[PDB]
Amino acid sequence: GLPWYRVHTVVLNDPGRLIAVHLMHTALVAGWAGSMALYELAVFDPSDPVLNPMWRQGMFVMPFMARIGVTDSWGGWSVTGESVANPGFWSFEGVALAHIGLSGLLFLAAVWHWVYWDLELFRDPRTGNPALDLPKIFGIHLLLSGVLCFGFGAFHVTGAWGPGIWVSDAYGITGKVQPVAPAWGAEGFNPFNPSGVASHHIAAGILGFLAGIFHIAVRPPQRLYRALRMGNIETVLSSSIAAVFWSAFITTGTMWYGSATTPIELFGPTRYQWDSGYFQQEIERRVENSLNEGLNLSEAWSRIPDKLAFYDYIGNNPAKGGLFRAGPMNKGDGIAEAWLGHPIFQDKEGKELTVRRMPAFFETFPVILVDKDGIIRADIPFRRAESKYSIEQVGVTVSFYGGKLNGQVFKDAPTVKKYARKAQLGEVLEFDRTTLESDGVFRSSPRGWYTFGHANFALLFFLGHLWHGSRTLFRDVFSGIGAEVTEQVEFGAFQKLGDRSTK
Amino acid sequence: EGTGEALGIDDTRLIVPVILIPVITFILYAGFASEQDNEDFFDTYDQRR
Amino acid sequence: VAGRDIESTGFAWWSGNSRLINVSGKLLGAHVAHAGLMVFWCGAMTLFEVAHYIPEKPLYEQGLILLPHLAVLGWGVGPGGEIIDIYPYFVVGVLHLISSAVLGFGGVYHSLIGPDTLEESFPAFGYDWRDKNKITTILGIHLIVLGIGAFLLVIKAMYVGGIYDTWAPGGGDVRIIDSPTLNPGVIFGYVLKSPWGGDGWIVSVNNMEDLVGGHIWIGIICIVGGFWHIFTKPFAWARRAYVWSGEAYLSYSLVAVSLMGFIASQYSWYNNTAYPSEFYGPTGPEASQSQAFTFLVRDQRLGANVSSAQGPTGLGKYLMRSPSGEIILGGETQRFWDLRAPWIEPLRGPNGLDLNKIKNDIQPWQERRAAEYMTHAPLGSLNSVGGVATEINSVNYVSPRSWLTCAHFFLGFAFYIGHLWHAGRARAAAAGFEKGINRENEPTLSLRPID
Amino acid sequence: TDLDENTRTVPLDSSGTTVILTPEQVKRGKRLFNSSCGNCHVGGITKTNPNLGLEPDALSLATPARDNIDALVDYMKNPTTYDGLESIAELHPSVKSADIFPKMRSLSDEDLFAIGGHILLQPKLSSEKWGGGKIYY
Amino acid sequence: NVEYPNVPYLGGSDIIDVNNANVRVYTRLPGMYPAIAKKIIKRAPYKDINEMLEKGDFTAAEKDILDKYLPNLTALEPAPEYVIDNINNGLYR
Amino acid sequence: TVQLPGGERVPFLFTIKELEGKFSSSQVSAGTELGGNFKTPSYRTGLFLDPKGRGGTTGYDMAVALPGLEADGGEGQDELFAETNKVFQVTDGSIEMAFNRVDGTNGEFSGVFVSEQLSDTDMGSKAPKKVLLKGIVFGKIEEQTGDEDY
Ligand code: CLA
Ligand code: CLA
Ligand code: CLA
Ligand code: CLA
Ligand code: CLA
Ligand code: CLA
Ligand code: CLA
Ligand code: CLA
Ligand SMILES: CC1=CCCC(C)(C)[C@H]1/C=C/C(C)=C/C=C/C(C)=C/C=C/C=C(C)/C=C/C=C(C)/C=C/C1=C(C)CCCC1(C)C
Ligand SMILES: CC1=CCCC(C)(C)[C@H]1/C=C/C(C)=C/C=C/C(C)=C/C=C/C=C(C)/C=C/C=C(C)/C=C/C1=C(C)CCCC1(C)C
Ligand SMILES: CC1=CCCC(C)(C)[C@H]1/C=C/C(C)=C/C=C/C(C)=C/C=C/C=C(C)/C=C/C=C(C)/C=C\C1=C(C)CCCC1(C)C
């Protein structure tokens with residue numbers, strides 16, 4: 001009969017049942033959204049947003065709620081850190097319950113369409129057979145897509161009749177949902193300009209709307225109709241899978257590299273902020289202009305916010321996790337409690353050494369303390385015998401500036417080594433490893449997991465697009481080849497391949 | 001190990017199976033062999049069993 | 001064209017020699033011409049080695065593989081395995097090269113213009129593959145010839161000059177083996193020894209008396225067997241147990257020769273008596289034990305008590321005990337504790353390396369030999385960069401032992417594959433389905449279905 | 001850069017005089033070094049006794065100092081321990097011990113000169129490779 | 001031992017701890033490696049360098065060399081983990 | 001190394017290194033006993049590296065495979081200090097050889113001994129176990145030649 005991998009092909013030529021299965025899939029996806037939101041809310045810890053934000057807790061789907069308006073909870077807390085006094089219905093809980101209710105309603109609609117499948121809407125008046133006028137259905141759907149895109153751009157994102165979207169500063173320290181005016185011009189095409197989102201969703205939507213008016217009105221040319229097999233729904237499936245993996249690759253790129261639509265405080269920093277020293281340079285210039293203002297190292301480093309110092313830490317890097325190191329980022333190094341300050345390394349004389357930072361590539365990196373110019377001065381040797389650059393020989397002391405360990409000058413070699421090991425990983429922090437029983441191996445942020453999943457899905461959907469394009473373009477030879485193939489495939493039988501009017 | 005005994009036979013007991021089991025198998029094989037037509041042939045192999 | 005095309009024979013050009021199976025004279029020419037090829041290569045290559053031989057370096061450092069054989073047989077080598085003269089090598093080379101002309105002429109004659117089949121013009125030499133008696137007579141004649149060759153080695157070792165004994169008192173030297181061991185319990189004690197560590201089977205020959213006496217035994221065995229086969233016919237148990245065709249005989253020879261290839265490869269790798277380390281260079285075990293010996297001598301010279309020195313893991317850094325208790329060199333040389341070489345036996349007592357000799361009486365020549373054999377280990381690349389795989393390109397060297405062992409292991413495996421091919425084809429062709437399955441009478445369709 | 005004379009000038013004597021090696025001299029020195037002593041001294045190390053390499057630091061700190069052509073050439077005929085108190089001609093390749101070391105038999109005074117030139121030329125070619133060992137391969 | 005404060009004197013500094021230093025370090029000081037270092041390491045545990053000069057059984061020339069290199073030499077508390085590896089520590093090149 | 005009932009393996013360094021034995025007389029004969037104490041060194045030396053590359057004289061000074069544990073600023077990897085801190089500890093033992101046969105012609109003697117020592121500690125990670133060995137002894141007494149260089 002119908003093998004296990006063809007079982008969903010019975011609904012290929014039954015439009016009502018096709019709507020039913022689409023409804024069931026939509027119901028399942030909405031139910032997943034609601035259930036994931038509920039589970040995340042059950043396991044979320046909203047107490048500390050600066051050292052235990054959403055992305056440190058493995059919050060995958062909540063940032064997408066917080067990205068475009070839903071920053072509050074019925075429990076009287078906000079992802080931004082403020083305490084909500086009178087939360088509205090559209091909180092995290094309300095969104096979750098709405099998605100569950102929509103899942104139930106879509107399930108009921110799927111049941112109705114599965115039972116009542118033989119509607120005159122799906123039957124061709126000319127022939128009476130079940131059929132779908134796909135070019136016009138596409139125009140209707142493109143009208144709907146354009147209207148929704150324009151509405152989102154003009155009302156939701158601009159906040160004319162909506163919350164706006166998440167906007168943040170350069171360093172993720174002061175971010176909130178707010179309206180964004182549309183950025184018409186070249187600046188709208190900056191991926192890190194949130195305003196360019198609005199300018200897009202308006203303008204693109206308008207064009208989409210206009211495109212809908214074309215596709216409802218204008219019938220396809222016969223040439224493209226026969227070439228693309230527009231009367232075959234599997235053409236639509238192939239092209240849709242094509243566009244879908246295209247979008248998946250684009251979203252994967254904007255996730256990994258970052259953009260205005262992937263704020264760091266919602267998904268964690270990127271690997272490239274760590275690679276280029278994006279936050280280290282900002283902290284350095286902050287303390288430098290503080291020093292130029294007459295402040296000292298203690299005061300200058302005390303003015304650095306804990307959030308900014310937390311970003312300057314390799315454990316927050318998405319390129320440090322593992323494929324099977326599962327769970328929240330707090331399950332690895334731990335839950336960050338406090339910042340111990342900048343460990344200046346004053347050598348025996350007083351020169352400032354600096355521990356070379358771990359690159360993301362290396363699981364384990366040697367602890368070497370390079371000089372200002374960078375000749376190696378001291379390090380933690382592997383072979384102690386005949387050691388030249390041991391911290392014992394050179395002599396080093398760790399003076400802490402800022403943080404809870406401020407103003408403390410350790411000058412023993414052991415305690416210097418212990419904080420050299422910490423300074424190898426960027427800024428040094430205190431961690432709670434007991435609440436979640438953390439095992440001391442780094443995990444990936446939601447940024448990395450999104451990138452992984454959608455990269456793999458994009459490749460697999462490229463395979464699917466190949467398969468279904470092949471099927472729709474080779475429908476006539478699905479069951480096998482006939483005897484006609486033997487005459488045309490002969491070399492030189494016809495001047496033009498395939499065509500038999502030639503010779 | 002590494003002593004150089006012939007066929008690893010360090011104890012004389014080991015020889016009893018090593019010599020007898022082939023002899024019982026040889027005796028069973030002889031009943032088969034004696035039943036065969038043991039004259040010569042001019043062929044690549046004997047088709048008579 | 002008749003007998004030399006696919007139409008009249010059924011064999012393509014790439015199976016061309018398969019058209020020689022029933023053509024006895026032309027096949028004789030093939031064999032004789034190929035033997036001419038063998039002797040030609042021997043003469044040409046040993047002349048090439050003589051021409052490229054420089055008197056400074058030893059044989060093993062110059063990539064010389066054939067002159068070591070003549071040196072072992074006792075030609076042009078003095079005490080200590082020092083090649084003093086290379087004129088006998090030249091004589092052997094020119095003799096082989098000149099004999100190659102005669103053998104090539106004979107092979108080309110019988111291949112091209114000689115009679116196609118010898119079974120009507122020369123019935124004495126003609127044969128049929130299925131005629132067991134004649135084939136056994138040919139086999140027996142060749143066995144007598146092999147016995148004569150073994151006795152030629154015996155005559156060389158006993159009377160004419162003698163062979164090179166690396167175990168000789170003093171240094172190794174060319175000496176007459178006056179008293180070979182003719183005891184069956186020793187010669188056939190080697191043949192029944194195990195092949196594993198410490199035993200070595202026939203690769204474990206540690207003296208030339210056993211070698212020469214067992215070559216006497218091989219000569220006697222081969223001549224007696226040849227006269228046995230000349231005057232006898234295969235018994236009924238054998239006549240039903242073999243395929244009596246030329247391809248079957250070829251497959252038997254192929255499996256035997258493959259086994260010999262493997263055995264010769266391990267002879268060159270492990271033995272240092274028939275392949276003295278002063279001609280073929282150190283064995284791998286020899287080089288490793290030499291490294292341990294060199295650093296033992298160095299650290300003892302620098303104040304260390306090597307017997308009481310503890311390695312990282314608690315085992316001896318220099319000296320430890322083998323699993324059977326013998327005092328042996330330490331480190332990763334512990335696996336190579338079965339090495340016995342003339343430069344290290346001098347320090348060996350009944351219970352292993354004598355600690356008194358190891359401490360007070362290590363001679364400078366032993367340190368020199370250990371350093372040389374350490375620096376000339378069998379390690380090297382295909383492009384001949386001596387040392388470990390992670391070495392740099394300054395030393396151009398691969399030991400002759402590595403070349404010989406790898407080549408003959410390769411050829412032994414290849415000839416096992418050839419045996420499998422030819423034995424299978426012999427069985428299939430004798431049974432008569434080497435061309436395919438008969439569509440008329442397919443055996444499988446007559447068989448009852450399983451399951 | 002070419003094999004200029006700045007690379008090819010090496011110290012000759014213990015006082016400080018220099019000598020400019022010719023390209024034939026350095027070629028012959030490289031070949032002779034690789035053929036006669038590369039087996040133990042590949043890369044400026046000592047396989048049999050790695051405590052004492054051919055890097056300029058070890059040669060300079062030898063007694064007598066071996067960081068010059070005359071001192072190296074004298075070592076190739078009168079080898080001694082690192083402190084210059086015991087003769088190791090019976091354990092080291094030397095032209096005076098070539099019967100027991102058959103590689104030193106064919107070397108002439110110019111060959112020894114070229115070998116010493118190669119040894120002193122190497123460290124100028126690399127900052128750490130000559131005598132560095134595995135770490136700088 | 002994640003801490004060993006006498007590491008600098010193991011061969012990496014200008015001063016050599018005689019009691020638990022490998023022989024190789026004496027290659028740094030000319031004229032002491034093969035002969036003097038053997039007698040230094042033989043009677044290894046010394047209270048101080050003066051007891052080394054008195055106890056080491058050095059010949060007059062060896063004493064002259066040691067007088068040259070006195071400021072480069074010290075004798076701290078012997079460490080068993082390092083004394084066991086004073087002639088061969090596995091550090092070759 | 002030995003294995004006990006239940007399948008636990010105890011490695012130990014059976015040694016008499018640095019022994020200071022005292023003869024029970026001024027003359028070795030049948031019934032004379034030589035006994036004293038000795039210092040047993042560590043089973044593993046400083047150059048030994050554990051499966052995670054940690055040793056006494058060399059190796060990592062941390063659990064490199066847990067960088068998140070070393071990331072913590074409060075304690076770090078202080079819990080694993082006992083396993084990371086490799087310590088060469090020399091233990092004590094005693095031996096009591098009793099000579100039952102003696103010969104004046106060759107200077108040879110033989111008899112039995114009982115010795116007590118401690119087992120492997122794994123550079124301080126394990127707790128040592130007491131090992132009681134018993135067995136036979138051979139030896140010889142000669143005159144000092146002046147070349148021994150003790
Ligand atoms: C003035 C009005 C206006 C403005 C300001 C913008 C603004 C924007 N548009 Mg544009 N847009 C407009 C009108 C406007 N649009 C109109 C009228 C339309 C027609 C409907 C579009 C259609 C459109 C599309 C289809 C896309 C944009 C995108 C964008 C964004 C570009 C920056 C970015 O993040 O790129 C990031 C993305 C890119 C730079 C595109 C990459 C394209 C390459 C070729 C993809 C390669 C994929 C391939 C399969 C990979 C294979 C290899 C790999 C596996 C290794 C930005 C928000 C892009 C977007 O959504 O970005 C998130 C986008 O893809 N716009
Ligand atoms: C692409 C979509 C996506 C992404 C990016 C994420 C991302 C995340 N989820 Mg997940 N999640 C998803 C879909 C996704 N989720 C779905 C659809 C569900 C519903 C089942 C969940 C349910 C879920 C829960 C319940 C939790 C998370 C959590 C997390 C976080 C940790 C991820 C982790 O540890 O993976 C680990 C992944 C693996 C060990 C496997 C990955 C490698 C491949 C895919 C394995 C394939 C095996 C194959 C099928 C063969 C199996 C054979 C079989 C016979 C055994 C992270 C933010 C955690 C969190 O922090 O929540 C607060 C958490 O507790 N997610
Ligand atoms: C939305 C996109 C889409 C859609 C609508 C379809 C639809 C179809 N595909 Mg599929 N296909 C897709 C994507 C899609 N495909 C992709 C991405 C690939 C590449 C891997 C393929 C590869 C593929 C092949 C090779 C074949 C089909 C076939 C079919 C037809 C029957 C399938 C069936 O009955 O499976 C029944 C499936 C099962 C009973 C169990 C499958 C269990 C899977 C492997 C694991 C669990 C999945 C999990 C629960 C949900 C995934 C989540 C998602 C986000 C990825 C049907 C028309 C068949 C066809 O053309 O028939 C004529 C066929 O042979 N497809
Ligand atoms: C060791 C190598 C070897 C040897 C000894 C032989 C020998 C033989 N092959 Mg050949 N053969 C070989 C390899 C070899 N083959 C290989 C590698 C292939 C694959 C391409 C073939 C393919 C092949 C085929 C297809 C056939 C043979 C046949 C033959 C036989 C008849 C030759 C004949 O009449 O040709 C006539 C050839 C010529 C007239 C050309 C001239 C060749 C000259 C004599 C070579 C010069 C040699 C030398 C320089 C002379 C020295 C003279 C001396 C006095 C100094 C002959 C016994 C034939 C056979 O089985 O017949 C029944 C046959 O049909 N062979
Ligand atoms: C495998 C080797 C072999 C075999 C089996 C044969 C077989 C044959 N050859 Mg011969 N042949 C061979 C090699 C071989 N040949 C070689 C190498 C050559 C080149 C020189 C020839 C050249 C040749 C020619 C030109 C002819 C034959 C012919 C013949 C046939 C007759 C033989 C005969 O009458 O002998 C008679 C035997 C002798 C005259 C030899 C007498 C012995 C002399 C004095 C040498 C003594 C050597 C001594 C004992 C060795 C001491 C060993 C010591 C160093 C240890 C026969 C089929 C004839 C043929 O087929 O005609 C159509 C023919 O005309 N062959
Ligand atoms: C090239 C050598 C050669 C060849 C090809 C043949 C061929 C033949 N001989 Mg043999 N034979 C030879 C030399 C050879 N003989 C010699 C030199 C002698 C000694 C005089 C004999 C004595 C002899 C007798 C007495 C008889 C035969 C017989 C036979 C036939 C049966 C062979 C068989 O089934 O063996 C079977 C082999 C075995 C059951 C095992 C052999 C036993 C040894 C000791 C094994 C030892 C273990 C070994 C070392 C393990 C590792 C080996 C490693 C290389 C794999 C056959 C025609 C028979 C026949 O019909 O004659 C008319 C027969 O009765 N031969
Ligand atoms: C490309 C082809 C090729 C080449 C060039 C070589 C080359 C070599 N093989 Mg061979 N070999 C090959 C293929 C090849 N093989 C193949 C395919 C196999 C099968 C797997 C073998 C199997 C094999 C074995 C088993 C052995 C060799 C060995 C050798 C070496 C010695 C050759 C020798 O003397 O044989 C022997 C020569 C003969 C049988 C000819 C007759 C010799 C006579 C009787 C000697 C008379 C001596 C006497 C003292 C003379 C004076 C008499 C009087 C004055 C007293 C040599 C490097 C030997 C070696 O060193 O291996 C490590 C060895 O043992 N090879
Ligand atoms: C004693 C040696 C010996 C002898 C006398 C024969 C004789 C014969 N073989 Mg051969 N054969 C041998 C060894 C031998 N074989 C070995 C060792 C193998 C295993 C590799 C084979 C595998 C073999 C096959 C597969 C076939 C034969 C066939 C034949 C017949 C025709 C061959 C021909 O005309 O080639 C003419 C020569 C050439 C075309 C030149 C080819 C040169 C090749 C491409 C170079 C080597 C390539 C590569 C490195 C080999 C890797 C091998 C691998 C196992 C390591 C003939 C009866 C054929 C036949 O019809 O049998 C009845 C046949 O089908 N032989
Ligand atoms: C196996 C595997 C492969 C790749 C991805 C991954 C590794 C994650 C893993 C998992 C994959 C997948 C596809 C998991 C998805 C899970 C899904 C779709 C779960 C479904 C959740 C849906 C739920 C609760 C829906 C709840 C709905 C309810 C109450 C409806 C009730 C109602 C009804 C029915 C009528 C109206 C009234 C009311 C009360 C609303
Ligand atoms: C005297 C002297 C002094 C100083 C050194 C020097 C080398 C010069 C030396 C001189 C030596 C000389 C001149 C040696 C002469 C040797 C000669 C001519 C050797 C020739 C040997 C002939 C051989 C193999 C023939 C074998 C031929 C074969 C299989 C042919 C194969 C073939 C056949 C049979 C049929 C089909 C085609 C095919 C496959 C090609
Ligand atoms: C010459 C020399 C040099 C160094 C010193 C040393 C003492 C070793 C000295 C002496 C060496 C000696 C005496 C070596 C002798 C070696 C011997 C006798 C080896 C024996 C080899 C025998 C073998 C494979 C037999 C295998 C036979 C087989 C499957 C026969 C066929 C079959 C049988 C039996 C039953 C199944 C069906 C089948 C396949 C048809």
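Atoms within a ligand are numbered from 1 in the order they appear, just like the ligands themselves. Hydrogens, waters and symmetry mates play no part in the numbers below; they use all other heavy atoms, side chains included. Proteins come first, then strands; the chains are lettered A, B, ... in the order of their sequence lines, and each starts at number 1.
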Would you indicate which of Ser444(A), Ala326(A), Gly453(A) comes nearest to atom 36 (C) of ligand 2 when only heavy atoms are counted?
->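 When every heavy atom of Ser444(A), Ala326(A), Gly453(A) is considered, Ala326(A) comes closest to atom 36 (C) of ligand 2.
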Considering only heavy atoms of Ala241(C), which atoms of ligand 11 have at least one such atom less than 4.0 Å away?
->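 Going through ligand 11 atom by atom, the ones under 4.0 Å from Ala241(C) are 40 (C).
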May I ask whether atom 49 (C) of ligand 2 is less than 4.0 Å from at least one protein heavy atom?
->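 Under the 4.0 Å cut-off, atom 49 (C) of ligand 2 has no protein heavy-atom neighbours at all.
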Residues which pass ring pair (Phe, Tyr, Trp, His ring centres under 6.0 Å) with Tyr190(C), listed by chain and number, not counting sequence neighbours =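 So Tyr190(C) forms no ring pair (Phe, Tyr, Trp, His ring centres under 6.0 Å) with any residue.
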Does any N or O atom in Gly327(A) lie less than 3.5 angstrom from one in ligand 2, N or O only?
->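 Yes.
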Nearest protein heavy atom under 4.0 Å from atom 8 (C) of ligand 9, yes or no |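 Not a single protein heavy atom is under 4.0 Å away.
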Atom indices of ligand 11, in the order listed, that fall short of 4.0 Å to a heavy atom of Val205(C) =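 Near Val205(C), the atoms of ligand 11 are 4 (C), 5 (C).
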Element-labelled atoms of ligand 2 that are located less than 4.0 Å from some non-hydrogen atom of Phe324(A) =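 Numbered from 1, ligand 2 contributes 39 (C).
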Check whether any protein heavy atom sits under 4.0 Å from atom 57 (C) of ligand 2.
->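 Under 4.0 Å from atom 57 (C) of ligand 2, at least one protein heavy atom found.
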Per-atom contact, atom 5 (C) of ligand 2, protein heavy atoms, under 4.0 angstrom =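 Yes.
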Please lay out, stage by stage, how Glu265(A) and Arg447(A) fare under the test salt bridge (charged side-chain N to carboxylate O under 4.0 Å, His left out).
-> CA-CA 11 Å; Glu265(A) 64 213 333; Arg447(A) 187 182 289 282; over 6 Å; no
Take atom 12 (C) of ligand 9 and look for protein heavy atoms under 4.0 Å from it; say yes if you find one, no if not.
->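 Not a single protein heavy atom is under 4.0 Å away.
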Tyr39(A), any N or O under 3.5 Å of ligand 2 N or O |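 So ligand 2 has an N or O lying under 3.5 Å from an N or O of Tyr39(A).
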Heavy atoms of the protein only: does one fall short of 4.0 Å from atom 8 (C) of ligand 11?
->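 Neighbour list for atom 8 (C) of ligand 11 includes protein heavy atoms (cut-off 4.0 Å).
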Non-hydrogen protein atom less than 4.0 angstrom from atom 19 (C) of ligand 2 |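 Neighbour list for atom 19 (C) of ligand 2 includes protein heavy atoms (cut-off 4.0 Å).
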Using protein heavy atoms only, decide if any is under 4.0 Å from atom 27 (C) of ligand 11.
->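 Given the 4.0 Å cut-off, atom 27 (C) of ligand 11 does not count as touching protein heavy atoms.
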Give the numbers and elements of all ligand 11 atoms closer than 4.0 Å to a heavy atom of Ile202(C).
->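 Close to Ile202(C): 8 (C).
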Hey, which atoms in ligand 2 end up nearer than 4.0 Å to a heavy atom of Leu323(A)?
->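 Selected atoms, number and element: 42 (C).
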Protein non-hydrogen atom below 4.0 angstrom of atom 30 (C) of ligand 11 present =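 Within 4.0 Å of atom 30 (C) of ligand 11, protein heavy atoms are found.
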Is there at least one protein heavy-atom neighbour under 4.0 Å from atom 38 (C) of ligand 11?
->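 Flag for atom 38 (C) of ligand 11 set to false, no protein heavy atom closer than 4.0 Å.
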Got a protein heavy atom sitting under 4.0 Å from atom 16 (C) of ligand 2?
->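 Flag for atom 16 (C) of ligand 2 set to true, protein heavy atom closer than 4.0 Å.
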Protein heavy-atom contact under 4.0 Å for atom 33 (C) of ligand 9?
->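 Under the 4.0 Å cut-off, atom 33 (C) of ligand 9 does have protein heavy-atom neighbours.
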Does ligand 2 have an atom under 4.0 Å from some heavy atom of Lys331(A)?
->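 In this structure, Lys331(A) fails to qualify as a contact of ligand 2 - no heavy atom is under 4.0 Å.
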Would you say atom 21 (C) of ligand 9 touches the protein, meaning some protein heavy atom is under 4.0 Å from it?
->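 Neighbour list for atom 21 (C) of ligand 9 includes protein heavy atoms (cut-off 4.0 Å).
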Do the non-hydrogen side-chain atoms of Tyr164(C) and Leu73(C) ever get within less than 4.5 Å of each other?
->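 With C-beta onward as the side chain, the pair stays apart.
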Please confirm whether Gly58(A) comes within less than 3.5 Å of ligand 2 when only nitrogen or oxygen atoms on both sides are compared.
->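 N/O-N/O distance below 3.5 Å exists for this pair.
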Verify atom 4 (C) of ligand 9: protein non-hydrogen atom under 4.0 angstrom away =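 No; the ligand atom in question lacks any protein heavy-atom contact below 4.0 Å.
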Below 4.0 angstrom from a heavy atom of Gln57(A), which ligand 2 atoms are there? Numbered from 1 as shown, please.
->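 Contacts of ligand 2 toward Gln57(A), numbered from 1: 60 (O), 62 (C).
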Starting from atom 11 (C) of ligand 11, find the nearest protein heavy-atom neighbour and note its residue, name and distance.
->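 Here the closest protein heavy atom is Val191(C) CG2, 4.0 Å.
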Among protein heavy atoms, which lies nearest atom 9 (N) of ligand 2, and at what distance?
->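 Scanning the protein heavy atoms, the shortest distance from atom 9 (N) of ligand 2 goes to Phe60(A) CB, 4.5 Å.
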To which of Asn456(A), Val29(A), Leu28(A), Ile100(A) does the heavy atom nearest atom 28 (C) of ligand 9 belong?
->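 It is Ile100(A) that holds the nearest heavy atom.
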Between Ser204(C), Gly189(C), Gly214(C), which one has a non-hydrogen atom sitting closest to atom 2 (C) of ligand 11?
->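 Minimum heavy-atom distance to atom 2 (C) of ligand 11 goes to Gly214(C).
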Atom indices of ligand 9, in the order listed, that fall short of 4.0 Å to a heavy atom of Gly101(A) =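 Answer for ligand 9: 40 (C).
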Which of these, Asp333(A), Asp48(A), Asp45(A), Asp432(A), sits in a salt bridge (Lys or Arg N to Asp or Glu O under 4.0 Å) with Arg56(A)?
->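 The salt bridge (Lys or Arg N to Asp or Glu O under 4.0 Å) with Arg56(A) is passed solely by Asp333(A) among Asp333(A), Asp48(A), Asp45(A), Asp432(A).
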Among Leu38(A), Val79(A), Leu97(A), whose side chain to side chain contact (heavy atoms under 4.5 Å, CB included) with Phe92(A) holds?
->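 Only one option passes, and that is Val79(A).
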Short list, please: which atoms of ligand 9 are under 4.0 Å from a heavy atom of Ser35(A)?
->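 Here the atoms of ligand 9 in question are 23 (C), 24 (C).
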For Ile218(C), counting its heavy atoms only, list the atoms of ligand 11 lying under 4.0 Å from any of them.
->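 Going through ligand 11 atom by atom, the ones under 4.0 Å from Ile218(C) are 1 (C), 12 (C), 13 (C), 14 (C).
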Where ligand 2 meets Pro328(A) - atom numbers and elements under 4.0 angstrom, heavy-atom basis |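 The atoms of ligand 2 under 4.0 Å from a heavy atom of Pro328(A) are 60 (O).
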Non-hydrogen protein atom less than 4.0 angstrom from atom 39 (C) of ligand 9 |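 So far as the 4.0 Å threshold goes, atom 39 (C) of ligand 9 is out of reach of every protein heavy atom.
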Determine whether the aromatic ring centres of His408(C) and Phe413(C) lie less than 6.0 Å apart.
->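 For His408(C) and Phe413(C), the ring centres are not under 6.0 Å apart.
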Establish, for the pair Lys132(C) and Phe41(B), whether the NZ or CZ atom is under 6.0 angstrom from the six-membered ring centre and no further than 45 degrees off its axis.
->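 Judged by the rule (NZ or CZ under 6.0 Å from the ring centre, within 45° of its axis), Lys132(C) counts as positioned above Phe41(B).
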Of the side chain and backbone of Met59(A), name the one, both, or neither that has a heavy atom under 4.0 Å from an atom of ligand 2.
->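 Only the side chain of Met59(A) comes within reach of ligand 2.
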For ligand 11, which part of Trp217(C) has a heavy atom less than 4.0 Å away: the side chain, the backbone, both, or neither?
->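 No part of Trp217(C) is near ligand 11 at this cut-off.
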Please check if the side chain of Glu40(A) supplies one atom and the backbone of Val61(A) the other of a donor-acceptor pair under 3.5 Å.
->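 The answer is yes, because a donor-acceptor pair under 3.5 Å joins these two groups.
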Per-atom contact, atom 13 (C) of ligand 11, protein heavy atoms, under 4.0 angstrom |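 Yes, because at least one protein heavy atom sits under 4.0 Å from atom 13 (C) of ligand 11.
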Protein heavy atoms: any of them under 4.0 Å from atom 44 (C) of ligand 2?
->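 No, there is none.
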Numbered atoms of ligand 2 (with element) below 4.0 Å of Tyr450(A), judged on heavy atoms |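 Once the distances to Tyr450(A) are compared, the set is 5 (C).
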